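Structure first, then comments.
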Amino acid sequence: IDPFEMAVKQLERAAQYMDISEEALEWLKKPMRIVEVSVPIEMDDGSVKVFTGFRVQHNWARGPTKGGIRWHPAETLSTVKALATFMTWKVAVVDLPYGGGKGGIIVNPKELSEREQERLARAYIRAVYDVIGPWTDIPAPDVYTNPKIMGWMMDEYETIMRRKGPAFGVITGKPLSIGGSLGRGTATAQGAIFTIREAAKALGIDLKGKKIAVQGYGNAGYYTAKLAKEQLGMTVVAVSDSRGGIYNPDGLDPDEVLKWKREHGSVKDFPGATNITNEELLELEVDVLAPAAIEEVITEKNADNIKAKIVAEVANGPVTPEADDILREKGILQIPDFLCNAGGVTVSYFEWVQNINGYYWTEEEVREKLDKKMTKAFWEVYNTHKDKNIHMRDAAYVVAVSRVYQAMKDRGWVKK
Amino acid sequence: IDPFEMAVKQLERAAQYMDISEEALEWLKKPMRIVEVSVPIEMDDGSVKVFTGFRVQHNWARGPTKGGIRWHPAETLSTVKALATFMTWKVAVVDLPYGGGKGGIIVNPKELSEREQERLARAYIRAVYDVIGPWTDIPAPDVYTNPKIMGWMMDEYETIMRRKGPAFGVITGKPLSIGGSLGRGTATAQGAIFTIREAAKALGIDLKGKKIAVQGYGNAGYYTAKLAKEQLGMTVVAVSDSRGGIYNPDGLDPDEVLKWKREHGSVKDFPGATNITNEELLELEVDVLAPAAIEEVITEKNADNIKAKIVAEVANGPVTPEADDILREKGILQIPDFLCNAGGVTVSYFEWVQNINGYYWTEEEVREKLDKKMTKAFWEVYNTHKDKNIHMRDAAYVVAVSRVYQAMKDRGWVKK
Amino acid sequence: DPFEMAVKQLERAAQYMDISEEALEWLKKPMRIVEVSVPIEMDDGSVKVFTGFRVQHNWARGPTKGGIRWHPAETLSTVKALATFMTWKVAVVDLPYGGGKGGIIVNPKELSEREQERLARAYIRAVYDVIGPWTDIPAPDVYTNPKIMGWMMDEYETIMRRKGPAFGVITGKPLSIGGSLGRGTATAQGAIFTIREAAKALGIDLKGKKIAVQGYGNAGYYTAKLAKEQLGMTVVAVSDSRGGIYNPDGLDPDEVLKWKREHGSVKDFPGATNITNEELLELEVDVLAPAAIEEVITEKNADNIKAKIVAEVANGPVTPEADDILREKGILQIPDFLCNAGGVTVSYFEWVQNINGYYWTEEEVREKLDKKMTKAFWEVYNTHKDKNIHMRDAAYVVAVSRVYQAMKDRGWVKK
Amino acid sequence: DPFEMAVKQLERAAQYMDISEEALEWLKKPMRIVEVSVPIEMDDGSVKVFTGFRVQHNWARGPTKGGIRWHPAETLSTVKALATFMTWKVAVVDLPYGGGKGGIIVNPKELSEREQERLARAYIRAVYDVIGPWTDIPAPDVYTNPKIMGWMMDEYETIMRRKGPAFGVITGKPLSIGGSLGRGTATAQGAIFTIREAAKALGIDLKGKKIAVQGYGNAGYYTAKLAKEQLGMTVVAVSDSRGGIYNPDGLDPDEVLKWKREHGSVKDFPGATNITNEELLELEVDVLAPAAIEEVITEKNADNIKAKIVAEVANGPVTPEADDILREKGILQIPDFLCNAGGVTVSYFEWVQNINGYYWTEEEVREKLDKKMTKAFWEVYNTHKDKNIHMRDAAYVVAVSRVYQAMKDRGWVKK
Ligand code: NA
């Protein structure tokens, strides 16, 4: 259905830039395994309600499938299939020994007590136990799941598995007490910062004293603005959320803006700044624009008005295929979403490695390994885009799909 | 999802005639587990093609899920979900320690060589291995599958399972050499004959010298006609295939008609018979009319023209909900499909028992146990229809859904 | 103390057979004992940890078999004693089982339905690694019933992922999920077959003879009902804890059960005379069936018993002092773990139906129970005649002999 | 009573931190307790059944870790206490483990080598269903050693059918079959790192400063030798059960060990003068290391201690009355389960090497032991400063806090 058909189209469009057999392309267009389950819980009032849960394993040629669990009332199988498909490319572009998976439950978690949320987390694991495992499929947090829910899920898994293996390794995003990793909270923003540092090096830009704008001020947007200021020495001139943006050409302090948003609900009306719309933030003259909120914010309509030299796609799919052509015609370097935001899954890979090896790393070890991986992935994608004269997004597919295809050939799944 | 929405509607309709909590009804309306998988084969020419496979486990309150695998180019998930739902009622009406399941592959088996069919059978088992087993979910043949395919599937399961358990028990409809049961080929017809015998007793009819017409001349219709003549002493005045019917007031021999159909391609122009339409066959004045071809042949359009005293639903769903009311108002006794045709799953239950117990029964043992089960199930449904003054089909739902609901209550899945 | 008593009775009966000292020392120690935390969240949100136990005393003959008690006074010593007795009871009826038992230290009267379900599931999660249809198969006991067994079977099947016959993990289940016909009456119906065979061994026709029954719980009611309906007896007395009733002409067990439901006691039953439990025990009857409590026939009153057959339906109703006295007086006792073995025998039939995926008629269960209890009776009786020993000691000879022989045939003990 | 004492130290710990009642009650109860028959055939042909224990106190933080004790006085109460204590010891050095302990009631001096192997293999067979490299990982303890760990690993692998990293089922293995470098000196070497960090906390440079060590077994010898060789200390006194020796210009630990091997005691070492154990405890030194027996520093002698640092290498050498007195004197104690955590830390390293199929150098084991003991010392020390409490209470706070957090993060306790 529609998110899934867009994911398949993005794959069909990039496949024109590589030699891939029709048999391999057809395999890559179909998730290998899809599970739809009844997830029953007892409510606080004693009534039993059955929720709909999904787990999708797109492709495990390179290793166990990896990806998060979304709890959302709008949740469809189409969306979970799309995002499992994207996870296959994301883990492959950063060269992880994984495949792509994704899960979800059709629920409004704001209507569930803590007790009901725990009963749902546990019931989900009991419904999908036979297709998950530390060497099979490793979930993680996503929309309206978090380390608290991951702790309950791990606990339930370990109970059913009878402590026979590295049960901590069944799921990532765990609390530190029970096999979590250092660097989880900043992983997505921190990896995007490394990709932005490398894009600047490729363009011959010193980011010290240059300007960034960040669309969105959830965890990812906040940490993107904080880390760009603290690590790259940038000036954060604009941030935004769903209620509007703020602008100050001499810089915002990201911690002070976050404090403001916690007191009043939005960055809007932050003292010393001008209120601006989301559209004006996207059109600002900055060295880096980081769309870190919602999909399809840069499209055919506004692509011509973007002035950023680097668009760091922190959110999933914030730039449409028609906008890709325009930004590239203007000489603007995009960091495609599944490269730019791959820090999240990379640190979750490090967590899993810590779990199956029974040995935990320091914050500095996690950070240097994340840096090497994101730096090497950026250079493979940029070098491919230069050598083949293609859009960065097509280069990202070429790097990723090549690895998945090669694994499928070396297993004999496809004969060519 | 139209076949599935119809099956849910039939449940909702029957639920008015019993005491069942909302929480239990909502649970019974949703299959507990749905799997969609890629089933890849290497074709004889060396290309790899990926087919879509399904396995649905509707409800396992009463025991392992039970139901066949249908290979058809029309196959949809909606159809597999509908038929898995029906299997839950079927196994419960004849009091088997099973729940309902079903599987399918979207394929045209006419276009596959023997070698390709064997690859597809083995690939299906590899794709659904983790959710099947002798105590979990036990498939069987269905449309365009058969004992040859069951043999390949059992063999692949035993290969993966490493002979640790009663691997013959993973699937029924097997060849006799490898754990098959006597009574397999005639089970659906033989069970239907027992229900017809009991329905005639309930109405005070002696079927000896009375007229039967059978619509359809597949295995089920041929054997319904053959056994009605040999065991009940009826005169078979009419049979049909997809092309047309034949009629002879002095009787047709079912073995002769089958030889004619093998020799000339259809029942048409059988010597001495009158050629008739399918509609004319449904309108004959007979004691027993057995629709054993397709679905929805008795509808609001023609229900008023049925003259039979007993309508034996051998096929799954030949009478629509509007026809049910007309036939009942005319005083016509229907033997509802999931009671009338439950002989097939009953003998597959006996095959599974013989496999898990390592001990094989005679022809006469299978036949006597089938007789007692079908006889008892018929009396429970008929007495429920009389005691509550409800349609035979609503009485079949009350007997079946009552047992599944009781299992769900006794496990604590639903509190009321 | 309850464990030390079980050991003493084994030491006692040991004198009546040659058993090596290495085999006797092995039989005196349960092979496995588990004690576990059983945590539940209460309806009010607080987490409480209960104490649970499972004991597998001996598995030489087969998987261990026995129930789970939920009682605020539960001790490990008690669970260990009853696991030991369980090994003898399954052996006396020739079942392919050994003995186990479990319990939780809880007052269930203080738990909601929701809290009880949480506790039943938490117990299975805590003992999962040592239970299974071929390992150790629990059952209902004190404050345990088919409802709780249903919840436990379900939790086990959820952890095991439906890989084997999970129905067979636990007996006393509801009929909807692998229960057996014959469960509700099994103890009474088994007792009745041993009473019928004891009457044959004494040359008595019980048709028109008298029976008294102490207790009008499930076991006492059905013993009275089936003695009347199947054996042809007149039921002259029955009692509960609040006293007894007597009528030399007959009581109708169904009318008394109805009376007892309306009033909460059998007392004042129309047409009959109130009597004490002690006067019930003393009646002149062909059969006395104590099925209420233990130690009701002691040194103190054994000389006042006049029944020709004492059918021990309850556990331990007759003391060892009383045994010598009743036997001196020529009274035939049906010892408890033979007389009441119907329960475990039908729980065996239930396990068989579950592992074979095939269910039996009420008539099939009755007929198999008859043959097993009849054969067990003649083995214990014929042993007591041939070796000239008390029926109780002949029951231990039959039982311990089978357990010992299985331990020798496995090489656990050399001699 | 050993167990009740362990419960009382947990209840004491709860006073220095916010911990829910439901969490405290959970931590007072071992989650799992197993008591098993461990039968062996003696060389003489006779079968004897021994009594074995395995206790898993808490596995919130990871699989349970701890030793097996073979001792004729062994009680379940002791094994429960030591398992409870083990939960805190793995948490203070931040290991991904819970606490367990096991034991057999046996006099090993009465068993031949062939009988000791039969016993080791019989134990693993009896506890197989509750142990494993991700479940519960034993180790040596009283009268068990690497030879017995070898037999026990081998029996586990034979039952498991080589499906997993079976080497990782048990630590203290011989080097040939997955043992670790650093095992023999782990306690002393970890104590040395804590003494180095204690000196840094106090602003003392230990080079040229004096240490006294009570005891001259493996732990006391290596504490003396590593203090001298790595910290640059002068070893002025050591002792054993027969008495102490003193030389203010320093003792060579190897010359004193050769004298003890020849004569039985450090006493009368020609290169020193004799002192009593009490005089050793009262010497003016930067470091005193009690490395022998429990309760040597008491209310009777604590005011006479002059040491700037008391490194508790042995378990329990200082009483709670003495804790208060040394603290009022400004003497810095390194509590036993922090100071001696080198043993369980190197046993964690062995398990890591087993599960990863990759073995470390002596230098790699030492550097990772250094980082772990250094980090643990600073947490305990920072807690004791930040909350103004005794080092021992701060160690309990760091440990219990970690276990509590894992239990909340799992949803075992809601608060
Ligand atoms: Na982030």
Side-chain angles (χ1 to χ4, degrees), chain A residues 41-48 112-123 148-149 151-156 158-159 175 177-178, chain B residues 412 415, chain C residues 35-53 68 70-74 103-127 148 151-152 155, chain D residues 7-8 10-33 57-61 84 87 98 400-415:
Chain A
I41 72 173
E42 205 181 350
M43 303 278 206
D44 286 339
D45 69 17
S47 64
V48 171
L112 293 184
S113 66
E114 294 293 324
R115 202 149 178 190
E116 289 164 346
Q117 288 187 207
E118 181 178 356
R119 296 190 187 132
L120 187 67
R122 291 184 183 275
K148 173 188 70 184
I149 286 150
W152 299 325
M153 280 187 179
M154 184 285 286
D155 182 63
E156 189 66 13
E158 187 195 72
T159 297
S177 66
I178 46 165
Chain B
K415 310 302 149 185
Chain C
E35 166 172 335
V36 287
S37 288
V38 189
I40 70 170
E41 200 184 358
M42 295 286 206
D43 297 335
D44 66 25
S46 68
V47 178
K48 180 116 159 259
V49 180
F50 295 82
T51 292
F53 306 108
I68 306 166
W70 290 9
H71 196 272
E74 206 55 32
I104 303 163
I105 301 178
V106 62
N107 190 359
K109 309 204 111 212
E110 295 192 46
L111 294 180
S112 71
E113 288 310 300
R114 168 116 94 141
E115 290 165 341
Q116 293 195 29
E117 184 174 358
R118 291 186 191 126
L119 190 71
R121 293 185 180 280
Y123 180 78
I124 298 291
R125 278 148 105 80
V127 302
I148 280 152
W151 291 335
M152 286 189 169
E155 188 69 12
Chain D
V7 169
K8 288 279 161 228
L10 175 51
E11 283 162 353
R12 179 202 165 76
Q15 276 135 208
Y16 301 91
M17 63 186 292
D18 270 345
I19 183 167
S20 76
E21 183 63 14
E22 60 183 33
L24 220 205
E25 288 302 300
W26 189 297
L27 287 176
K28 290 183 192 175
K29 276 170 80 151
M31 295 176 60
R32 195 179 298 162
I33 299 167
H57 168 240
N58 192 284
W59 57 77
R61 291 260 304 163
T84 301
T87 298
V400 176
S401 289
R402 267 177 182 147
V403 176
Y404 183 28
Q405 189 63 52
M407 292 171 75
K408 290 183 284 158
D409 289 333
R410 290 175 169 258
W412 285 7
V413 296
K414 323 280 51 156
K415 70 180 164 199

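Note on naming: letters A, B, ... go to the chains in the order of the sequence lines (proteins, then strands), and numbering restarts at 1 for each one. All heavy atoms count here, side chains included; hydrogens, waters and symmetry mates do not.
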Enter the distance from [X]:[atom1] to [Y]:[atom2] here, rounded to the nearest 0.5 Å.
X: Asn58(D); Y: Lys29(D); atom1: CG; atom2: NZ; answer: 13.5 Å
X: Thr51(C); Y: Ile33(D); atom1: OG1; atom2: CD1; answer: 8.0 Å
X: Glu118(A); Y: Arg122(A); atom1: CD; atom2: CZ; answer: 4.5 Å
X: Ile104(C); Y: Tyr123(C); atom1: CD1; atom2: OH; answer: 6.5 Å
X: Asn107(C); Y: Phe50(C); atom1: CG; atom2: CZ; answer: 9.5 Å
X: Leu111(C); Y: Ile40(C); atom1: CG; atom2: CD1; answer: 5.5 Å

Exercise. Could you please spell out the steps behind the salt bridge (charged side-chain N to carboxylate O under 4.0 Å, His left out) verdict for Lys28(D) and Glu25(D)?
Key: CA-CA 5 Å; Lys28(D) 290 183 192 175; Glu25(D) 288 302 300; 2.8 Å; yes

Exercise. Tell me, please, which residues at least two apart from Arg32(D) pass side-chain hydrogen bond (donor to acceptor under 3.5 Å, both in side chains).
Key: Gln56(D)

Practice problem: Just jot down the side-chain hydrogen bond (donor to acceptor under 3.5 Å, both in side chains) partners of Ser177(A), sequence neighbours excluded, or say none. | Solution: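 Scan of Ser177(A) (side-chain hydrogen bond (donor to acceptor under 3.5 Å, both in side chains), adjacent residues dropped) gives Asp409(D).
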
Quiz prompt | Salt bridge present between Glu42(A) and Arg115(A) (N-O < 4.0 angstrom) | solution = no

Please find the pair of heavy atoms, one from [X] and one from [Y], that lie closest to each other, and give the distance.
X: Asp45(A); Y: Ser47(A); result: OD1-OG, 2.7 Å
X: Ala122(C); Y: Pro39(C); result: CB-O, 3.4 Å
X: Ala60(D); Y: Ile178(A); result: O-CG2, 3.6 Å
X: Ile149(A); Y: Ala121(A); result: CG2-CB, 4.0 Å

Exercise. Name all residues meeting the side-chain contact (heavy atoms from CB on, under 4.5 Å) criterion together with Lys408(D); count only those two or more places apart in sequence or in a different chain, and write none if there are none.
Key: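 Once residues adjacent in sequence are excluded, the partners of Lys408(D) under the side-chain contact (heavy atoms from CB on, under 4.5 Å) criterion are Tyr404(D), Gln405(D), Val413(D).
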
Practice problem: List for me each residue that meets salt bridge (charged side-chain N to carboxylate O under 4.0 Å, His left out) alongside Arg119(A), sequence neighbours excluded, and say none if there are none. | Solution: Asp44(A)

Check whether any side-chain heavy atom of [X] sits under 4.5 Å from a side-chain heavy atom of [Y], and report yes or no.
X: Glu11(D); Y: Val7(D); value: yes
X: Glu74(C); Y: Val106(C); value: no
X: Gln116(C); Y: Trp151(C); value: yes

Listed pairs under 3.5 Å, donor-acceptor, residues 17-24 of chain D side chains, sequence neighbours left out:
residue: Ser20(D); atom: OG; partner: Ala23(D); partner atom: N; Å: 3.1
residue: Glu22(D); atom: OE1; partner: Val47(C); partner atom: N; Å: 2.7
residue: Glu22(D); atom: OE2; partner: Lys414(D); partner atom: N; Å: 2.9

Quiz item: Quick one: ring-ring contact (aromatic ring centres under 6.0 Å, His included) partners of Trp26(D), sequence neighbours excluded?
Solution: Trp412(D)

